[PDB]
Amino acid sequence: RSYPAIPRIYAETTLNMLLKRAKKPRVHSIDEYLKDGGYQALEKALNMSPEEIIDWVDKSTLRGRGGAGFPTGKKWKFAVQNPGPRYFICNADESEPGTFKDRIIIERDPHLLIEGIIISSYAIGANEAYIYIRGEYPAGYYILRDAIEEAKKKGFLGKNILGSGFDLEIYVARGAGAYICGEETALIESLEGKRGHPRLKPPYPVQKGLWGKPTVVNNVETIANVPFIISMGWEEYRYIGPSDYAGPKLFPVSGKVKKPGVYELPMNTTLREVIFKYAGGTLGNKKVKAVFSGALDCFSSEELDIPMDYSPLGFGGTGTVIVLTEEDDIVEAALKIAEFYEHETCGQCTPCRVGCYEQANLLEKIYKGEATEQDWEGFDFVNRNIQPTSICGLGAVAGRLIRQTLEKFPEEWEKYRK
């Protein structure tokens, strides 16, 4: 059928795995997927025990592609130590600034995700799975609904899948404008028909999630890896990139680069190589001033030689690379980040609620040169005090990137103080 218009995001791969089809900016339906050996991994998995599938995913070193980098096999193991029923959730809320890696899987190769969801659901003994896709991805929603019907038609979903005795239905829920609904416990609250208010953790969803039952939440890109682990085996999967941070990774690159788009690269790729080797360097060959890792971290021009892996000295996060060049005002950019957090705090926690608002309100006065001495000292104080009592990662990091700009670009901030 006809889907809503989607910008044709550039996609390029050195590995030809996650982007084997998704490098072409169009829907790949089940026949094209089946032509490339699609759903043969699912058939292989259904002839293995759930325990064996968990072991392979564990041994693969697969880590959470949603941005926290939690070991995927280890998450699954925690779930299956708890009595059922269990639920599997695909987090497709993708709302971090500069982060458009998941949407090109959903919109272009939806069967890669669906095959991933079926194998993972089988592995953890979940007979009911959910995709929660953000409201502002309507095309992704219709593409997934149609893809799931294709899968049903071919007997990859429903009861007794391929004579295995494994039953699965995948339900597609839509968000309605909240960044916070991507936080796994807020997502679960939204799936239950409520406001997206994060839950105090522990318990983690794997212990108490959807209707209080053991629940695995995994990112789109994480799940998309599962068919490759089963198809190749974990040993071969681990040959891709460095053996400690193995597998393909999607790097969404935007801002002041010549070739903005998504790059499928191994995680031993450096930040400098992503910008200059793959994304074609900077617009007008201007010097890199900073890289925003979404709204999470700010890297200076002195930090471009870091691996794009989940190591302590690594880039980590979503792999999101927003490039600022020498003429981009860091305080203006900091203001845009403050405005984001102001708009998205759910308000449950007092220092998050007032701090996200005050950080944005004071930084705007600073940017416009209307800040009193009190507002300056106020801004510094609130930036340092959004985190206390926070029950989710939003409050924990709402000041992080802006603090990093204060420490890495003090001369620019001082201009705004005088």
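So that the term is clear: the rigid core is the largest set of C-alpha atoms that superpose within 1.5 Å between two forms. Residues carry their position along the shown sequence, with the first being 1.
Once the rigid core is used to overlay the structures in 7 other deposited structures of this protein, the stretch among 239-247 and 270-278 whose CA atoms lie farther from this form is 239-247.
The stretch with the higher mean CA B factor, choosing between 153-161 and 291-299, is 153-161. For the two regions 105-113 and 77-85, the entry's Cα B-factors average higher over 77-85. Within the selection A279, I180, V216, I306, the deposited Cα B-factor values reach their highest point at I306. Based on the entry's C-alpha B-factors, the most elevated value among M267, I133, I118, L283 belongs to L283. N383: CA B factor lies in the lowest third for its chain, per the PDB record. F70 sits in the lowest third of its chain by CA B factor, as recorded in the PDB entry. Among all modelled residues in this chain, the alpha-carbon of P97 has a temperature factor (C-alpha) in the lowest third. Ranked by C-alpha B-factor against the other modelled residues of its chain, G125 falls in the middle third.
In this PDB entry, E235 carries a Cα temperature factor that places it within the highest third of its chain's modelled residues.
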